[PDB]
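Undergrad: Dropping in my_file.pdb, which is PDB, C-alpha atoms:
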```
MODEL        1
ATOM      1  CA  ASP A 218     -12.197 -18.904 -44.749
ATOM      2  CA  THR A 219      -9.658 -20.340 -42.318
ATOM      3  CA  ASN A 220      -7.410 -21.181 -45.259
ATOM      4  CA  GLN A 221      -8.003 -17.637 -46.554
ATOM      5  CA  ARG A 222      -6.703 -16.194 -43.258
ATOM      6  CA  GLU A 223      -3.731 -18.556 -43.402
ATOM      7  CA  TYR A 224      -2.878 -17.788 -46.964
ATOM      8  CA  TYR A 225      -2.959 -14.058 -46.252
ATOM      9  CA  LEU A 226      -0.499 -14.680 -43.392
ATOM     10  CA  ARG A 227       1.884 -16.372 -45.677
ATOM     11  CA  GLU A 228       1.319 -13.751 -48.374
ATOM     12  CA  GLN A 229       2.801 -11.366 -45.850
ATOM     13  CA  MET A 230       5.682 -13.769 -45.390
ATOM     14  CA  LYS A 231       5.999 -13.665 -49.173
ATOM     15  CA  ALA A 232       6.358  -9.877 -48.986
ATOM     16  CA  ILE A 233       9.022  -9.710 -46.306
ATOM     17  CA  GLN A 234      10.659 -12.972 -47.512
ATOM     18  CA  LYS A 235      11.110 -11.246 -50.857
ATOM     19  CA  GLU A 236      12.321  -7.913 -49.601
ATOM     20  CA  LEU A 237      14.440  -9.147 -46.708
ATOM     21  CA  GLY A 238      17.550  -9.750 -48.845
ATOM     22  CA  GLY A 239      16.380  -9.290 -52.457
ATOM     23  CA  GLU A 240      14.451 -11.790 -54.620
ATOM     24  CA  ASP A 241      16.443 -14.639 -56.270
ATOM     25  CA  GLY A 242      13.234 -15.680 -58.100
ATOM     26  CA  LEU A 243       9.745 -17.199 -57.572
ATOM     27  CA  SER A 244      11.820 -19.432 -55.174
ATOM     28  CA  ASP A 245      12.964 -22.225 -57.468
ATOM     29  CA  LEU A 246      12.297 -24.708 -54.703
ATOM     30  CA  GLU A 247       8.687 -23.640 -55.157
ATOM     31  CA  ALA A 248       9.182 -24.191 -58.886
ATOM     32  CA  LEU A 249      10.285 -27.727 -58.009
ATOM     33  CA  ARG A 250       7.258 -28.137 -55.770
ATOM     34  CA  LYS A 251       5.009 -27.117 -58.653
ATOM     35  CA  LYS A 252       6.782 -29.340 -61.164
ATOM     36  CA  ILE A 253       6.674 -32.425 -58.919
ATOM     37  CA  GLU A 254       2.881 -32.281 -58.865
ATOM     38  CA  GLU A 255       2.730 -31.973 -62.673
ATOM     39  CA  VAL A 256       4.902 -34.654 -64.258
ATOM     40  CA  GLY A 257       3.388 -38.098 -63.725
ATOM     41  CA  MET A 258       4.151 -39.602 -61.369
ATOM     42  CA  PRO A 259       3.504 -42.825 -59.381
ATOM     43  CA  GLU A 260       2.423 -42.463 -55.805
ATOM     44  CA  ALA A 261       5.357 -44.040 -53.985
ATOM     45  CA  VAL A 262       7.915 -42.091 -55.961
ATOM     46  CA  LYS A 263       5.938 -38.894 -55.445
ATOM     47  CA  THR A 264       6.029 -39.460 -51.694
ATOM     48  CA  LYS A 265       9.774 -40.125 -51.873
ATOM     49  CA  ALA A 266      10.333 -36.974 -53.907
ATOM     50  CA  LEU A 267       8.353 -34.800 -51.516
ATOM     51  CA  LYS A 268      10.266 -36.095 -48.493
ATOM     52  CA  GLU A 269      13.531 -35.435 -50.333
ATOM     53  CA  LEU A 270      12.312 -31.918 -51.146
ATOM     54  CA  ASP A 271      11.422 -31.111 -47.540
ATOM     55  CA  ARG A 272      14.834 -32.413 -46.492
ATOM     56  CA  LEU A 273      16.512 -30.100 -49.017
ATOM     57  CA  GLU A 274      14.342 -27.198 -47.920
ATOM     58  CA  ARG A 275      15.504 -26.965 -44.296
ATOM     59  CA  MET A 276      19.238 -27.289 -44.876
ATOM     60  CA  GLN A 277      21.504 -24.373 -45.685
ATOM     61  CA  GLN A 278      22.134 -23.924 -49.381
ATOM     62  CA  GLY A 279      25.620 -24.198 -50.773
ATOM     63  CA  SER A 280      26.276 -27.227 -48.595
ATOM     64  CA  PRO A 281      27.877 -30.139 -50.458
ATOM     65  CA  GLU A 282      24.936 -32.152 -49.176
ATOM     66  CA  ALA A 283      22.498 -29.781 -50.859
ATOM     67  CA  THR A 284      24.120 -29.864 -54.289
ATOM     68  CA  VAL A 285      23.508 -33.620 -54.403
ATOM     69  CA  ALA A 286      19.898 -33.422 -53.275
ATOM     70  CA  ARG A 287      19.151 -30.808 -55.894
ATOM     71  CA  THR A 288      20.651 -32.775 -58.779
ATOM     72  CA  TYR A 289      18.691 -35.852 -57.743
TER      73      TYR A 289
ATOM     74  CA  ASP B 218      29.530   4.330 -24.340
ATOM     75  CA  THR B 219      32.467   2.520 -25.927
ATOM     76  CA  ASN B 220      30.210   0.215 -27.979
ATOM     77  CA  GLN B 221      28.112   3.073 -29.333
ATOM     78  CA  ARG B 222      31.294   4.986 -30.156
ATOM     79  CA  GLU B 223      32.615   1.891 -31.957
ATOM     80  CA  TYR B 224      29.503   1.543 -34.111
ATOM     81  CA  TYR B 225      29.424   5.239 -35.020
ATOM     82  CA  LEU B 226      33.104   5.469 -35.953
ATOM     83  CA  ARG B 227      32.919   2.149 -37.812
ATOM     84  CA  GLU B 228      30.102   3.139 -40.115
ATOM     85  CA  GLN B 229      31.414   6.698 -40.327
ATOM     86  CA  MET B 230      34.641   5.505 -41.860
ATOM     87  CA  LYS B 231      32.816   3.119 -44.148
ATOM     88  CA  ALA B 232      30.578   5.934 -45.319
ATOM     89  CA  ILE B 233      33.705   8.052 -45.889
ATOM     90  CA  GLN B 234      35.106   5.300 -48.056
ATOM     91  CA  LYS B 235      31.811   5.113 -49.935
ATOM     92  CA  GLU B 236      31.862   8.850 -50.551
ATOM     93  CA  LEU B 237      35.541   8.666 -51.589
ATOM     94  CA  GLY B 238      33.981   6.309 -54.120
ATOM     95  CA  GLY B 239      32.379   7.667 -57.282
ATOM     96  CA  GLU B 240      30.751   5.540 -60.009
ATOM     97  CA  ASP B 241      30.342   2.842 -57.279
ATOM     98  CA  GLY B 242      34.148   2.965 -56.838
ATOM     99  CA  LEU B 243      35.733   0.695 -59.522
ATOM    100  CA  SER B 244      32.219  -0.816 -59.830
ATOM    101  CA  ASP B 245      32.724  -4.064 -61.730
ATOM    102  CA  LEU B 246      28.934  -4.623 -61.589
ATOM    103  CA  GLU B 247      28.195  -1.901 -64.146
ATOM    104  CA  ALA B 248      31.415  -2.899 -65.970
ATOM    105  CA  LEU B 249      30.148  -6.428 -66.599
ATOM    106  CA  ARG B 250      26.707  -4.993 -67.384
ATOM    107  CA  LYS B 251      28.343  -2.911 -70.122
ATOM    108  CA  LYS B 252      30.285  -6.036 -71.122
ATOM    109  CA  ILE B 253      26.911  -7.761 -71.589
ATOM    110  CA  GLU B 254      24.978  -5.000 -73.329
ATOM    111  CA  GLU B 255      27.468  -4.181 -76.117
ATOM    112  CA  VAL B 256      28.058  -7.518 -77.884
ATOM    113  CA  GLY B 257      26.073 -10.358 -79.458
ATOM    114  CA  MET B 258      23.635 -11.453 -78.225
ATOM    115  CA  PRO B 259      20.977 -14.200 -78.070
ATOM    116  CA  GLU B 260      17.973 -14.251 -75.750
ATOM    117  CA  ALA B 261      18.130 -17.289 -73.460
ATOM    118  CA  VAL B 262      21.748 -16.440 -72.704
ATOM    119  CA  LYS B 263      20.492 -12.891 -72.032
ATOM    120  CA  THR B 264      18.324 -14.361 -69.268
ATOM    121  CA  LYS B 265      21.216 -16.512 -68.025
ATOM    122  CA  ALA B 266      23.545 -13.488 -68.001
ATOM    123  CA  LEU B 267      21.056 -11.309 -66.143
ATOM    124  CA  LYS B 268      20.342 -13.975 -63.518
ATOM    125  CA  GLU B 269      24.084 -14.501 -62.949
ATOM    126  CA  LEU B 270      24.378 -10.708 -62.645
ATOM    127  CA  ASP B 271      21.554 -10.683 -60.095
ATOM    128  CA  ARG B 272      23.246 -13.481 -58.141
ATOM    129  CA  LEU B 273      26.332 -11.250 -58.138
ATOM    130  CA  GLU B 274      24.335  -8.196 -57.003
ATOM    131  CA  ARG B 275      23.089  -9.717 -53.727
ATOM    132  CA  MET B 276      26.187 -11.207 -52.094
ATOM    133  CA  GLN B 277      29.347  -9.172 -52.461
ATOM    134  CA  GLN B 278      32.262 -10.884 -50.699
ATOM    135  CA  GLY B 279      33.018 -13.690 -48.259
ATOM    136  CA  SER B 280      31.829 -16.685 -50.132
ATOM    137  CA  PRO B 281      33.822 -18.350 -52.911
ATOM    138  CA  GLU B 282      30.528 -18.509 -54.831
ATOM    139  CA  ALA B 283      30.452 -14.748 -55.545
ATOM    140  CA  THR B 284      33.756 -14.915 -57.414
ATOM    141  CA  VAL B 285      32.594 -18.231 -58.944
ATOM    142  CA  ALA B 286      29.544 -16.502 -60.429
ATOM    143  CA  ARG B 287      31.812 -13.622 -61.483
ATOM    144  CA  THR B 288      34.149 -15.918 -63.451
ATOM    145  CA  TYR B 289      31.199 -17.999 -64.698
TER     146      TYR B 289
ENDMDL
END
```
Have the structure of the file written as structure tokens, please.
TA:
Amino acid sequence: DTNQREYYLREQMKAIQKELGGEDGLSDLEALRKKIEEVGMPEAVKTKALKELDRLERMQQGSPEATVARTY
Amino acid sequence: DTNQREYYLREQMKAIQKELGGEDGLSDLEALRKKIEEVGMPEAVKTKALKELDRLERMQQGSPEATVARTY
């Protein structure tokens, strides 16, 4: 039930996050987060990929740093 | 008083320019939509064309990337 309350909270963040500037998509970073936990993968490289994803998530997009971390 | 005057006159003139605009002004958005919908066309490139159109619909000017997605 505590997770229920939390996931409602972030459902509301879904709503305003969507409508606050238009919706690019299901948030293709969230598509990457889904796909990482589908294909394979070994445990060490899954940890490395999730740290790389969280690093890409909190930087501003369109940076030349970000277009390398997405291609990787 | 001067700040409130500035904001009112600023968006007044911009609304004047919008009204002096019919059919979204020149409105290259609907022009490239008509340039999509009247030729071809396959189906995955339909999705690619509509997502590039939706990336053009959100941001309008200031970044190089808006004109990049226009040309692309």
Undergrad: Counting all atoms listed in the file, what are the residues of chain A within 8 Å of chain B, and for each of them which pair of atoms is the nearest and at what distance in Å, to one decimal? Sort the table by chain and rising number, as a Markdown table.
TA:
```
| residue | atom | partner | partner_atom | distance |
| --- | --- | --- | --- | --- |
| A:238 | CA | B:275 | CA | 7.4 |
| A:239 | CA | B:275 | CA | 6.8 |
| A:241 | CA | B:272 | CA | 7.1 |
```
Undergrad: Pairing the C-alpha atoms in order and superposing chain A on chain B, what is the resulting RMSD?
TA: 10.0 Å
Undergrad: Using CA of residue 218 in chain A and CA of residue 232 in chain A as the two end points, give the distance in Å to one decimal.
TA: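 Taking CA of residue 218 in chain A and CA of residue 232 in chain A, their separation equals 21.1 Å.
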Undergrad: Got a sec to resolve the PyMOL selection byres ((chain B and resi 287) around 12) on this structure and send the residues as a PyMOL selection string?
TA: chain B and resi 245-246+248-250+266-274+276-278+280-286+288-289
Undergrad: If you measure from CA of residue 258 in chain B to CA of residue 243 in chain B, what distance in Å do you get, rounded to one decimal?
TA: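 Interatomic distance here is 25.4 Å.
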Undergrad: Which distance in Å separates CA of residue 247 in chain A and CA of residue 231 in chain A, to one decimal?
TA: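 CA of residue 247 in chain A sits 11.9 Å away from CA of residue 231 in chain A.
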Undergrad: With all atoms of range 218-234 of chain B from the file as input, state the centre and edge lengths in Å to one decimal of the axis-aligned box that has 8 Å extra on each side, as AutoDock Vina command-line options.
TA:
```
--center_x 31.6 --center_y 4.1 --center_z -36.2 --size_x 23.0 --size_y 23.8 --size_z 39.7
```
Undergrad: Give me range 230-255 of chain B with N, CA and C atoms filled in, as a JSON list (two decimals), keeping the file's coordinate frame.
TA:
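Generated output (selection_30.json):
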```
[["chain", "number", "residue", "atom", "x", "y", "z"],
["B", 230, "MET", "N", 33.52, 5.71, -40.96],
["B", 230, "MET", "CA", 34.64, 5.50, -41.86],
["B", 230, "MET", "C", 34.19, 4.76, -43.10],
["B", 231, "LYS", "N", 33.26, 3.83, -42.95],
["B", 231, "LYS", "CA", 32.82, 3.12, -44.15],
["B", 231, "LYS", "C", 32.01, 4.03, -45.07],
["B", 232, "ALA", "N", 31.28, 4.98, -44.49],
["B", 232, "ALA", "CA", 30.58, 5.93, -45.32],
["B", 232, "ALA", "C", 31.54, 6.91, -45.98],
["B", 233, "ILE", "N", 32.64, 7.25, -45.29],
["B", 233, "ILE", "CA", 33.70, 8.05, -45.89],
["B", 233, "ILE", "C", 34.28, 7.35, -47.10],
["B", 234, "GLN", "N", 34.54, 6.05, -46.96],
["B", 234, "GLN", "CA", 35.11, 5.30, -48.06],
["B", 234, "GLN", "C", 34.11, 5.21, -49.20],
["B", 235, "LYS", "N", 32.81, 5.12, -48.88],
["B", 235, "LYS", "CA", 31.81, 5.11, -49.94],
["B", 235, "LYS", "C", 31.79, 6.45, -50.66],
["B", 236, "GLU", "N", 31.89, 7.54, -49.91],
["B", 236, "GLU", "CA", 31.86, 8.85, -50.55],
["B", 236, "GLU", "C", 33.12, 9.07, -51.38],
["B", 237, "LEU", "N", 34.25, 8.57, -50.85],
["B", 237, "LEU", "CA", 35.54, 8.67, -51.59],
["B", 237, "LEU", "C", 35.39, 7.76, -52.81],
["B", 238, "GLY", "N", 34.22, 7.14, -52.94],
["B", 238, "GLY", "CA", 33.98, 6.31, -54.12],
["B", 238, "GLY", "C", 32.96, 6.94, -55.03],
["B", 239, "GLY", "N", 33.32, 7.12, -56.30],
["B", 239, "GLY", "CA", 32.38, 7.67, -57.28],
["B", 239, "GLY", "C", 32.18, 6.62, -58.35],
["B", 240, "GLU", "N", 31.04, 6.62, -59.03],
["B", 240, "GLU", "CA", 30.75, 5.54, -60.01],
["B", 240, "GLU", "C", 30.88, 4.21, -59.27],
["B", 241, "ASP", "N", 30.32, 4.10, -58.07],
["B", 241, "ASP", "CA", 30.34, 2.84, -57.28],
["B", 241, "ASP", "C", 31.79, 2.39, -57.11],
["B", 242, "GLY", "N", 32.72, 3.33, -56.87],
["B", 242, "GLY", "CA", 34.15, 2.96, -56.84],
["B", 242, "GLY", "C", 34.60, 2.44, -58.19],
["B", 243, "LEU", "N", 35.33, 1.32, -58.23],
["B", 243, "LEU", "CA", 35.73, 0.70, -59.52],
["B", 243, "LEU", "C", 34.43, 0.25, -60.17],
["B", 244, "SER", "N", 33.58, -0.44, -59.41],
["B", 244, "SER", "CA", 32.22, -0.82, -59.83],
["B", 244, "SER", "C", 32.24, -1.79, -61.02],
["B", 245, "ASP", "N", 32.71, -3.01, -60.72],
["B", 245, "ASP", "CA", 32.72, -4.06, -61.73],
["B", 245, "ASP", "C", 31.33, -4.56, -62.10],
["B", 246, "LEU", "N", 30.31, -4.24, -61.29],
["B", 246, "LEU", "CA", 28.93, -4.62, -61.59],
["B", 246, "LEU", "C", 28.46, -3.96, -62.88],
["B", 247, "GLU", "N", 28.52, -2.62, -62.92],
["B", 247, "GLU", "CA", 28.20, -1.90, -64.15],
["B", 247, "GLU", "C", 29.20, -2.16, -65.27],
["B", 248, "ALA", "N", 30.44, -2.54, -64.94],
["B", 248, "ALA", "CA", 31.42, -2.90, -65.97],
["B", 248, "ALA", "C", 31.02, -4.18, -66.70],
["B", 249, "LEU", "N", 30.63, -5.21, -65.95],
["B", 249, "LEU", "CA", 30.15, -6.43, -66.60],
["B", 249, "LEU", "C", 28.76, -6.26, -67.20],
["B", 250, "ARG", "N", 27.96, -5.31, -66.70],
["B", 250, "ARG", "CA", 26.71, -4.99, -67.38],
["B", 250, "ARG", "C", 26.97, -4.36, -68.75],
["B", 251, "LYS", "N", 27.94, -3.45, -68.83],
["B", 251, "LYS", "CA", 28.34, -2.91, -70.12],
["B", 251, "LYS", "C", 29.01, -3.97, -70.99],
["B", 252, "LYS", "N", 29.69, -4.94, -70.37],
["B", 252, "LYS", "CA", 30.28, -6.04, -71.12],
["B", 252, "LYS", "C", 29.22, -6.99, -71.66],
["B", 253, "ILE", "N", 28.05, -7.03, -71.02],
["B", 253, "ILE", "CA", 26.91, -7.76, -71.59],
["B", 253, "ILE", "C", 26.28, -6.98, -72.73],
["B", 254, "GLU", "N", 25.94, -5.71, -72.49],
["B", 254, "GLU", "CA", 24.98, -5.00, -73.33],
["B", 254, "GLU", "C", 25.54, -4.50, -74.65],
["B", 255, "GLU", "N", 26.79, -4.82, -74.99],
["B", 255, "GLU", "CA", 27.47, -4.18, -76.12],
["B", 255, "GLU", "C", 28.03, -5.20, -77.11]]
```
